[PDB]
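Down below is the structure, laid out as structure tokens.
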Amino acid sequence: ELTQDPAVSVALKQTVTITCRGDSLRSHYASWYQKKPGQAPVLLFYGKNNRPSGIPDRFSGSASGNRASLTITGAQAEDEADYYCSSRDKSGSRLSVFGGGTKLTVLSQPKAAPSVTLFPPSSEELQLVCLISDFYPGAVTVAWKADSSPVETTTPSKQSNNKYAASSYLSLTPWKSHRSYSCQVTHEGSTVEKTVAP
Amino acid sequence: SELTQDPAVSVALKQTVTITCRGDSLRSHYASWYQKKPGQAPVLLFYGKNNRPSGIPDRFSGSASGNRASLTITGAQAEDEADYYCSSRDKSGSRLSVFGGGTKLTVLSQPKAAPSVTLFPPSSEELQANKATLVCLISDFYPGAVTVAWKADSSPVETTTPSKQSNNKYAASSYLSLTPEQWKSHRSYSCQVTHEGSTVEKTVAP
Amino acid sequence: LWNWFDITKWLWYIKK
Amino acid sequence: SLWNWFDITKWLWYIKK
Amino acid sequence: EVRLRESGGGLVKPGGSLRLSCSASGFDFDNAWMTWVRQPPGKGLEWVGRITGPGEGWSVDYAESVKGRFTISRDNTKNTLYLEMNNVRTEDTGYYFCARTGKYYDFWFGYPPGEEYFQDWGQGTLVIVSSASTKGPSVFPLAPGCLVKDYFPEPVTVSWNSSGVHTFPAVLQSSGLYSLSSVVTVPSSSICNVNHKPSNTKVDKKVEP
Amino acid sequence: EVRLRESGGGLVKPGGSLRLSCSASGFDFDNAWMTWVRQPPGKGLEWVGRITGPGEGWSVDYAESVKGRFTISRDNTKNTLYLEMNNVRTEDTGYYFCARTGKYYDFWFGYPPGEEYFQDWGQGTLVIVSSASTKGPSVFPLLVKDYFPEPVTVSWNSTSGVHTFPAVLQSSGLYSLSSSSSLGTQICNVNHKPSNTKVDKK
């Protein structure tokens with residue numbers, strides 16, 4: 001119903017516009033919420049032109065057709081969060097609904113080379129862990145390969161030096177049938193592979 | 001209260017203002033800073049010698065010299081308006097901690113409105129209950145800082161805290177409890193209202 | 001005090 | 001966390017000298 | 001991920017007892033130092049006390065205005081902190097917070113025992129201490145609002161005729177009873193409903209010139 | 001002045017039942033609308049349902065993925081909101097939030113019944129729904145693996161360059177996370193409180 005872009009990145013001090021599309025937006029207004037991990041959501045904008053007091057004046061909204069947009073004037077480091085649009089599920093309905101979710105990723109520190117490391121299954125377990133560290137932004141594509149043919153992956157989290165870190169796991173059975181597995185880690189068009197063997 | 005601090009400090013929008021915390025223990029121990037908004041949990045802003053927790057805007061910064069600790073806000077914004085506190089040891093080598101008095105940092109980001117004062121005489125229905133109370137209306141003003149004074153004729157009380165209003169302005173009331181015969185033992189009672197240095201007066205009489 | 005779902009419907013008529 | 005914090009800070013004051 | 005929940009607040013007469021609970025989650029709670037901080041209404045933060053960790057014998061340090069009356073204890077299997085309150089005075093009224101206490105000590109310029117900073121805060125629990133009981137308001141009109149005086153406890157709701165209306169926050173005057181006014185601005189060319197559920201009182205006073 | 005406290009969360013097995021509560025104070029609760037919103041771990045917000053006010057007959061509207069199983073009620077005497085959830089499944093896991101609902105209706109361009117916006121928010125309560133129970137972890141040298149519930153604390157040598165990754169919920173219902181000259185000339189600590197499992201390994 002309410003369709004958004006999943007991830008949108010913006011540079012520091014730049015202006016970013018997060019959109020929202022739905023059939024009910026042609027007759028109903030939309031409300032926008034900021035969601036940070038470990039914090040309660042915050043109403044940002046609603047109705048035709050209402051900003052709740054306590055919000056920086058850079059947040060504003062627009063409405064035309066089946067589209068509603070959230071414009072951020074000069075994105076800050078404090079504005080990386082999850083933004084959700086909310087309106088009625090149908091035109092003339094009593095039910096509300098949220099959007100998919102737009103992860104705003106504000107860039108404010110230099111790109112870092114993802115340090116990839118893969119560990120074979122310990123002999124104490126037989127009786128794969130691919131770690132990714134020191135990287136930025138928090139976005140890595142993790143692909144697993146067996147010999148030459150293409151799983152649990154974690155969400156990147158902050159580290160001690162404000163860079164991120166991620167991990168990916170592979171479950172198997174007592175392994176000894178293939179000769180090498182790989183951990184394809186992609187970051188900004190850059191590929192890093194680590195391979196282990198029995 | 002070993003840490004002395006400014007009670008109220010004002011700042012224009014997008015300018016730099018430093019909040020000072022003073023204490024004899026600051027000559028030996030670092031100070032930590034906290035943001036306290038009305039109705040929200042405090043937020044650690046700065047601590048140690050130069051440690052800013054992540055998720056905090058870089059415009060916050062700290063400094064120290066002698067018995068003085070300083071928090072610096074570079075280009076204050078609307079959300080930067082809150083209550084700021086310092087904290088450190090109460091004494092050198094002591095295992096006890098203590099906060100400061102606190103600083104009300106008011107950010108000037110709204111069009112400044114002069115207060116509208118209204119003084120209400122005691123209702124005759126209240127005087128018959130052998131009681132009397134003078135109500136002083138103070139509505140529609142900005143910022144939320146008023147000085148209320150009560151004069152009997154010409155010689156000098158329960159006052160509210162300025163709270164938000166329906167139009168983002170502030171409002172506050174002040175009360176004066178008098179016996180029914182003190183209302184009649186003087187010729188006039190006044191409600192002095194000081195705002196931005198300018199003083200407004202309203203007066204009622206029996 | 002009154003049904004929101006009935007107020008908004010009636011206010012839609014007054015415009016027309 | 002095995003040590004006493006109030007004892008560590010007293011002896012780091014001594015190592016400084 | 002850090003979450004702190006204060007609970008157990010309420011009303012108590014002076015000299016009574018009460019126990020406050022702060023359940024924690026997110027970090028390692030067994031080693032983390034925890035601190036109670038109180039805030040009187042309309043006043044600043046006040047350090048009540050902290051409890052240390054395992055390496056410190058779980059020692060507790062109290063404020064002198066609080067020594068001998070309150071006690072801090074912790075239950076690591078439940079990740080909860082406790083603030084026992086005995087001989088509770090009227091000055092103990094306020095929001096009490098529990099905060100994760102971090103330890104700081106610069107090696108080159110520090111001084112023992114270092115410094116302490118409060119990383120993560122709870123949203124607090126309210127504790128009110130008063131010797132007064134349930135009392136209904138006495139609504140008096142305001143010739144051209146309504147003066148709601150001698151009423152306790154909070155809250156009250158004031159409507160008009162079942163724009164230009166403003167209900168002020170209440171003042172806890174020196175007798176322990178609250179008092180507020182609800183003024184309405186109307187043109188000079190042209191009934192307030194007051195409710196108080198704790199005393200089950202409804203007053204419908206008319207204002208006349 | 002607005003304050004909201006969610007409560008009543010914890011562990012519950014599939015098909016079980018649970019009653020959540022949201023106490024409120026600082027505004028007019030008897031006429032304000034209240035709304036439950038949930039968020040799965042690492043996913044988006046989802047409108048569970050709201051309860052209206054007195055003028056509407058205290059009517060309640062539910063979500064399509066919710067109808068029949070959950071019920072929303074309220075108690076004006078105690079200023080608490082209630083969310084009873086019955087025959088619970090593993091998809092319904094997440095923090096449930098209670099939000100004060102505002103009513104908006106543009107007289108001119110707005111279409112009835114207007115819109116609903118969520119002014120004030122509580123910081124939520126965790127409700128985990130999984131058919132697994134307490135189980136200690138297994139420490140492998142390089143690795144904690146197969147444990148439940150959260151959390152596990154990992155330290156080294158009873159911390160420069162040390163990093164502990166967040167845990168992943170495997171398909172089996174359990175959890176797992178992770179945490180040149182001085183290699184031979186120089187101990188991970190794993191503690192699980194719900195199982196009293198303290199395991200060290202070199």
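Scheme for the structure tokens: letters A, B, ... for chains in order shown; per-chain residue numbers from 1; ligand numbers from 1 in order shown.
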
Do me a favour and pick out the residues of chain F within 12 Å of chain D, using only C-alpha atoms, as a JSON list (two decimals) with N, CA, C and O atoms, in the first residue's frame.
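result_15.json, written as the output of this step:
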```
[["chain", "number", "residue", "atom", "x", "y", "z"],
["F", 155, "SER", "N", 34.03, -11.54, 27.56],
["F", 155, "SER", "CA", 35.19, -10.74, 27.91],
["F", 155, "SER", "C", 36.45, -11.57, 27.70],
["F", 155, "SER", "O", 36.39, -12.79, 27.49],
["F", 156, "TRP", "N", 37.60, -10.90, 27.74],
["F", 156, "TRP", "CA", 38.89, -11.53, 27.47],
["F", 156, "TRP", "C", 39.81, -11.36, 28.67],
["F", 156, "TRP", "O", 39.96, -10.25, 29.19],
["F", 157, "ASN", "N", 40.42, -12.46, 29.10],
["F", 157, "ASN", "CA", 41.39, -12.47, 30.20],
["F", 157, "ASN", "C", 40.79, -11.89, 31.48],
["F", 157, "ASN", "O", 41.43, -11.11, 32.19],
["F", 158, "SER", "N", 39.55, -12.28, 31.77],
["F", 158, "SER", "CA", 38.84, -11.84, 32.97],
["F", 158, "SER", "C", 38.77, -10.32, 33.07],
["F", 158, "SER", "O", 38.82, -9.76, 34.17],
["F", 159, "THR", "N", 41.25, -5.39, 26.47],
["F", 159, "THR", "CA", 40.08, -4.95, 25.72],
["F", 159, "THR", "C", 40.43, -3.84, 24.72],
["F", 159, "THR", "O", 39.59, -3.00, 24.40]]
```

Please report, as CSV, each residue of chain E lying at most 8 Å from chain B, together with the nearest pair of atoms and the separation in Å rounded to one decimal; use only C-alpha atoms, and order rows by chain and ascending residue number.
```
residue,atom,partner,partner_atom,distance
E:44,CA,B:101,CA,6.0
E:45,CA,B:99,CA,6.5
E:46,CA,B:99,CA,6.2
E:47,CA,B:98,CA,5.4
E:49,CA,B:96,CA,7.8
E:61,CA,B:96,CA,6.5
E:62,CA,B:96,CA,7.5
E:63,CA,B:96,CA,7.5
E:104,CA,B:48,CA,6.3
E:105,CA,B:48,CA,7.7
E:106,CA,B:49,CA,7.6
E:110,CA,B:29,CA,6.7
E:111,CA,B:28,CA,5.9
E:112,CA,B:93,CA,5.5
E:113,CA,B:93,CA,5.8
E:114,CA,B:29,CA,6.6
E:115,CA,B:29,CA,6.2
E:116,CA,B:88,CA,6.7
E:117,CA,B:32,CA,6.0
E:118,CA,B:44,CA,6.5
E:119,CA,B:44,CA,5.6
E:120,CA,B:43,CA,7.3
E:121,CA,B:41,CA,6.0
E:122,CA,B:41,CA,6.0
E:123,CA,B:41,CA,4.7
E:124,CA,B:41,CA,7.4
E:140,CA,B:126,CA,6.2
E:141,CA,B:123,CA,6.3
E:142,CA,B:123,CA,6.2
E:143,CA,B:123,CA,7.0
E:166,CA,B:165,CA,7.3
E:168,CA,B:172,CA,6.7
E:169,CA,B:160,CA,6.7
E:170,CA,B:160,CA,7.0
E:171,CA,B:160,CA,5.9
E:173,CA,B:158,CA,6.2
E:181,CA,B:173,CA,7.7
E:183,CA,B:137,CA,7.9
```

Counting only C-alpha atoms, which residues of chain F sit at most 7 Å from some atom of chain A, and what is each one's closest atom pair with its distance in Å to one decimal, listed by chain and rising residue number, as JSON lines?
```
{"residue": "F:44", "atom": "CA", "partner": "A:101", "partner_atom": "CA", "distance": 6.1}
{"residue": "F:45", "atom": "CA", "partner": "A:98", "partner_atom": "CA", "distance": 6.5}
{"residue": "F:46", "atom": "CA", "partner": "A:98", "partner_atom": "CA", "distance": 6.0}
{"residue": "F:47", "atom": "CA", "partner": "A:97", "partner_atom": "CA", "distance": 5.6}
{"residue": "F:61", "atom": "CA", "partner": "A:95", "partner_atom": "CA", "distance": 6.7}
{"residue": "F:104", "atom": "CA", "partner": "A:47", "partner_atom": "CA", "distance": 6.6}
{"residue": "F:110", "atom": "CA", "partner": "A:28", "partner_atom": "CA", "distance": 6.4}
{"residue": "F:111", "atom": "CA", "partner": "A:27", "partner_atom": "CA", "distance": 5.5}
{"residue": "F:112", "atom": "CA", "partner": "A:92", "partner_atom": "CA", "distance": 5.6}
{"residue": "F:113", "atom": "CA", "partner": "A:92", "partner_atom": "CA", "distance": 6.0}
{"residue": "F:114", "atom": "CA", "partner": "A:28", "partner_atom": "CA", "distance": 6.6}
{"residue": "F:115", "atom": "CA", "partner": "A:87", "partner_atom": "CA", "distance": 6.3}
{"residue": "F:117", "atom": "CA", "partner": "A:31", "partner_atom": "CA", "distance": 6.2}
{"residue": "F:118", "atom": "CA", "partner": "A:43", "partner_atom": "CA", "distance": 6.5}
{"residue": "F:119", "atom": "CA", "partner": "A:43", "partner_atom": "CA", "distance": 5.9}
{"residue": "F:121", "atom": "CA", "partner": "A:40", "partner_atom": "CA", "distance": 6.3}
{"residue": "F:122", "atom": "CA", "partner": "A:40", "partner_atom": "CA", "distance": 6.5}
{"residue": "F:123", "atom": "CA", "partner": "A:40", "partner_atom": "CA", "distance": 4.9}
{"residue": "F:140", "atom": "CA", "partner": "A:122", "partner_atom": "CA", "distance": 6.8}
{"residue": "F:141", "atom": "CA", "partner": "A:122", "partner_atom": "CA", "distance": 6.7}
{"residue": "F:142", "atom": "CA", "partner": "A:119", "partner_atom": "CA", "distance": 6.4}
{"residue": "F:163", "atom": "CA", "partner": "A:159", "partner_atom": "CA", "distance": 7.0}
{"residue": "F:165", "atom": "CA", "partner": "A:166", "partner_atom": "CA", "distance": 6.8}
{"residue": "F:168", "atom": "CA", "partner": "A:154", "partner_atom": "CA", "distance": 5.8}
{"residue": "F:170", "atom": "CA", "partner": "A:152", "partner_atom": "CA", "distance": 6.9}
```

| query | When the cut-off is 6 Å and we count only C-alpha atoms, which residues of chain C are near chain F, given as a ChimeraX atom specification? | reply | /C:1-3,5,8

| message | Need to verify the contact set: residue F:92, 10 Å, only C-alpha atoms, exclusion of same-chain residues closer than 2 positions in sequence. Can you return it as a list in words? | response |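 What passes the distance filter is residues 14, 38, 39, 40, 65, 66, 85, 88, 89, 90, 94, 95, 96, 127, 128 and 129 of chain F.
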
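Take the candidates B:54, B:203, B:182, B:18 and check each one against chain A using only C-alpha atoms; the shortest distance goes to B:54.
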
| task | Would you mind listing what lies within 6 Å of residue A:14 as a ChimeraX atom specification, with only C-alpha atoms counted and same-chain residues fewer than 2 positions away left out? | result | /A:11-12,74-75

| Expressed in Å to a single decimal, how great is the separation between atom CA of residue F:41 and atom CA of residue F:167? |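 So the answer is 11.8 Å.
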
| request: Do a neighbour search on residue E:155 at 7 Å with only C-alpha atoms, toss out local chain neighbours closer than 2 positions, and write the hits as a ChimeraX atom specification. | output: /E:153,157,196

List every residue of chain F that has an atom at most 9 Å from any atom of chain B, and for each one report the closest atom pair and its distance in Å to one decimal, counting only C-alpha atoms, with rows sorted by chain and then by increasing residue number, as CSV.
```
residue,atom,partner,partner_atom,distance
F:1,CA,B:39,CA,5.6
F:2,CA,B:39,CA,7.0
F:3,CA,B:39,CA,7.7
```

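Closest to chain E among F:37, F:4, F:143, F:199 is F:4, based on only C-alpha atoms.
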
What are the residues of chain E that have an atom within 8 Å of an atom of chain A, counting only C-alpha atoms, as a PDB file with N, CA, C and O atoms, in the first residue's frame?
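Written out: selection20.pdb:
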```
ATOM      1  N   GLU E   1      20.598  -0.262  22.768  1.00  0.00           N
ATOM      2  CA  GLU E   1      20.038  -1.498  23.300  1.00  0.00           C
ATOM      3  C   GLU E   1      19.831  -1.408  24.809  1.00  0.00           C
ATOM      4  O   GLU E   1      19.058  -2.173  25.384  1.00  0.00           O
ATOM      5  N   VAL E   2      20.530  -0.468  25.445  1.00  0.00           N
ATOM      6  CA  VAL E   2      20.432  -0.304  26.890  1.00  0.00           C
ATOM      7  C   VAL E   2      19.044   0.200  27.255  1.00  0.00           C
ATOM      8  O   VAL E   2      18.542   1.167  26.667  1.00  0.00           O
ATOM      9  N   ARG E   3      18.415  -0.453  28.231  1.00  0.00           N
ATOM     10  CA  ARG E   3      17.079  -0.084  28.675  1.00  0.00           C
ATOM     11  C   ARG E   3      17.028  -0.084  30.195  1.00  0.00           C
ATOM     12  O   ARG E   3      17.514  -1.019  30.837  1.00  0.00           O
TER      13      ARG E   3
END
```

| For atom CA of residue F:16 and atom CA of residue F:172, the interatomic separation in Å (one decimal) |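 So the two atoms, atom CA of residue F:16 and atom CA of residue F:172, lie 19.6 Å apart.
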
| Residues of stretch 7-192 of chain B in helix (DSSP H, G or I) according to DSSP, as a VMD selection string? | chain B and resid 24 to 27 78 to 80 124 to 127 182 to 185

| said: My list of candidates is E:150, E:204, E:84, E:28. Which is closest to chain D when distances are computed with only C-alpha atoms? | reply: E:28

As a PDB file with C-alpha atoms, in the first residue's frame, please: every residue in stretch 54-163 of chain E that a backbone DSSP assignment puts in strand (DSSP E).
```pdb
ATOM      1  CA  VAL E  60      27.771   1.909  48.566  1.00  0.00           C
ATOM      2  CA  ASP E  61      28.272   5.653  49.050  1.00  0.00           C
ATOM      3  CA  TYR E  62      25.402   7.838  50.250  1.00  0.00           C
ATOM      4  CA  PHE E  70      17.963   5.148  52.393  1.00  0.00           C
ATOM      5  CA  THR E  71      19.705   1.951  51.313  1.00  0.00           C
ATOM      6  CA  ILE E  72      20.916   0.790  47.892  1.00  0.00           C
ATOM      7  CA  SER E  73      21.013  -2.901  46.994  1.00  0.00           C
ATOM      8  CA  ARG E  74      21.131  -4.901  43.781  1.00  0.00           C
ATOM      9  CA  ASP E  75      19.978  -8.326  42.582  1.00  0.00           C
ATOM     10  CA  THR E  80      17.390  -4.919  39.130  1.00  0.00           C
ATOM     11  CA  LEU E  81      18.533  -2.164  41.481  1.00  0.00           C
ATOM     12  CA  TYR E  82      16.778  -1.195  44.706  1.00  0.00           C
ATOM     13  CA  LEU E  83      16.485   2.058  46.673  1.00  0.00           C
ATOM     14  CA  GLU E  84      14.917   1.360  50.060  1.00  0.00           C
ATOM     15  CA  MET E  85      13.324   4.481  51.556  1.00  0.00           C
ATOM     16  CA  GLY E  94      10.637  14.139  43.220  1.00  0.00           C
ATOM     17  CA  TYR E  95      11.508  12.025  40.222  1.00  0.00           C
ATOM     18  CA  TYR E  96      14.173   9.425  41.001  1.00  0.00           C
ATOM     19  CA  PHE E  97      16.420   8.193  38.192  1.00  0.00           C
ATOM     20  CA  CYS E  98      18.733   5.202  37.860  1.00  0.00           C
ATOM     21  CA  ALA E  99      21.795   5.679  35.665  1.00  0.00           C
ATOM     22  CA  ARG E 100      24.602   3.476  34.386  1.00  0.00           C
ATOM     23  CA  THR E 101      27.736   4.847  36.036  1.00  0.00           C
ATOM     24  CA  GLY E 102      30.997   4.870  34.096  1.00  0.00           C
ATOM     25  CA  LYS E 103      34.450   5.240  35.635  1.00  0.00           C
ATOM     26  CA  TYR E 104      37.011   7.735  34.327  1.00  0.00           C
ATOM     27  CA  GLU E 115      35.648  10.786  38.132  1.00  0.00           C
ATOM     28  CA  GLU E 116      32.215   9.312  37.505  1.00  0.00           C
ATOM     29  CA  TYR E 117      29.837   9.959  34.623  1.00  0.00           C
ATOM     30  CA  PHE E 118      26.318   8.697  34.001  1.00  0.00           C
ATOM     31  CA  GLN E 119      26.073   7.171  30.526  1.00  0.00           C
ATOM     32  CA  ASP E 120      22.538   5.800  30.218  1.00  0.00           C
ATOM     33  CA  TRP E 121      19.569   7.192  32.145  1.00  0.00           C
ATOM     34  CA  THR E 125       9.610   7.341  38.706  1.00  0.00           C
ATOM     35  CA  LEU E 126       7.643   9.951  40.650  1.00  0.00           C
ATOM     36  CA  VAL E 127       7.578   9.944  44.459  1.00  0.00           C
ATOM     37  CA  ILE E 128       5.304  12.379  46.315  1.00  0.00           C
ATOM     38  CA  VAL E 129       5.492  12.902  50.085  1.00  0.00           C
ATOM     39  CA  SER E 138     -13.770  25.178  45.843  1.00  0.00           C
ATOM     40  CA  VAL E 139     -14.422  26.801  42.464  1.00  0.00           C
ATOM     41  CA  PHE E 140     -14.819  30.581  42.526  1.00  0.00           C
ATOM     42  CA  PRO E 141     -15.662  32.660  39.433  1.00  0.00           C
ATOM     43  CA  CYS E 146     -12.663  30.120  37.240  1.00  0.00           C
ATOM     44  CA  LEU E 147     -10.465  29.977  40.353  1.00  0.00           C
ATOM     45  CA  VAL E 148     -10.017  26.319  41.325  1.00  0.00           C
ATOM     46  CA  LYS E 149      -8.444  26.501  44.789  1.00  0.00           C
ATOM     47  CA  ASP E 150      -8.011  24.173  47.792  1.00  0.00           C
ATOM     48  CA  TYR E 151      -7.909  20.919  45.842  1.00  0.00           C
ATOM     49  CA  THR E 157      -9.747  18.851  34.219  1.00  0.00           C
ATOM     50  CA  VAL E 158     -11.435  22.144  33.320  1.00  0.00           C
ATOM     51  CA  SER E 159     -13.683  22.497  30.272  1.00  0.00           C
ATOM     52  CA  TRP E 160     -15.969  25.326  29.158  1.00  0.00           C
TER      53      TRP E 160
END
```

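The list of chain B residues within 9 Å of chain A is residues 54, 55, 56, 57, 58, 77, 78, 79 and 168 of chain B; this uses only C-alpha atoms.
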
Would you mind exporting N, CA and C atoms of the selected residues as a PDB file, in the first residue's frame?
```
ATOM      1  N   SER B  54      29.030   8.934  21.077  1.00  0.00           N
ATOM      2  CA  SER B  54      28.489   8.907  19.726  1.00  0.00           C
ATOM      3  C   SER B  54      26.984   9.150  19.748  1.00  0.00           C
ATOM      4  N   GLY B  55      26.471   9.694  18.646  1.00  0.00           N
ATOM      5  CA  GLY B  55      25.085  10.115  18.569  1.00  0.00           C
ATOM      6  C   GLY B  55      24.811  11.525  19.046  1.00  0.00           C
ATOM      7  N   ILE B  56      25.846  12.263  19.433  1.00  0.00           N
ATOM      8  CA  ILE B  56      25.770  13.630  19.956  1.00  0.00           C
ATOM      9  C   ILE B  56      26.351  14.562  18.899  1.00  0.00           C
ATOM     10  N   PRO B  57      25.793  15.752  18.665  1.00  0.00           N
ATOM     11  CA  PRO B  57      26.301  16.561  17.566  1.00  0.00           C
ATOM     12  C   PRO B  57      27.642  17.156  17.952  1.00  0.00           C
ATOM     13  N   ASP B  58      28.522  17.289  16.958  1.00  0.00           N
ATOM     14  CA  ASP B  58      29.884  17.736  17.224  1.00  0.00           C
ATOM     15  C   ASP B  58      29.955  19.168  17.732  1.00  0.00           C
ATOM     16  N   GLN B  77      20.981  25.634  18.309  1.00  0.00           N
ATOM     17  CA  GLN B  77      19.775  25.409  17.530  1.00  0.00           C
ATOM     18  C   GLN B  77      18.569  25.351  18.464  1.00  0.00           C
ATOM     19  N   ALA B  78      17.392  25.115  17.879  1.00  0.00           N
ATOM     20  CA  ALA B  78      16.163  25.113  18.669  1.00  0.00           C
ATOM     21  C   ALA B  78      16.141  23.959  19.663  1.00  0.00           C
ATOM     22  N   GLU B  79      16.517  22.761  19.213  1.00  0.00           N
ATOM     23  CA  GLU B  79      16.567  21.600  20.094  1.00  0.00           C
ATOM     24  C   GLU B  79      17.627  21.721  21.182  1.00  0.00           C
ATOM     25  N   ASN B 168       2.304  28.247  20.844  1.00  0.00           N
ATOM     26  CA  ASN B 168       3.726  28.140  21.162  1.00  0.00           C
ATOM     27  C   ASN B 168       4.249  29.311  21.985  1.00  0.00           C
TER      28      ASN B 168
END
```

| query | Using only C-alpha atoms, which residue out of A:196, A:146, A:140, A:104 lies closest to residue A:178? | reply |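 Closest to residue A:178 of all the choices is A:146.
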
| Residue nearest residue A:23 - candidates A:187, A:67, A:145, A:103, atoms counted: only C-alpha atoms | A:67
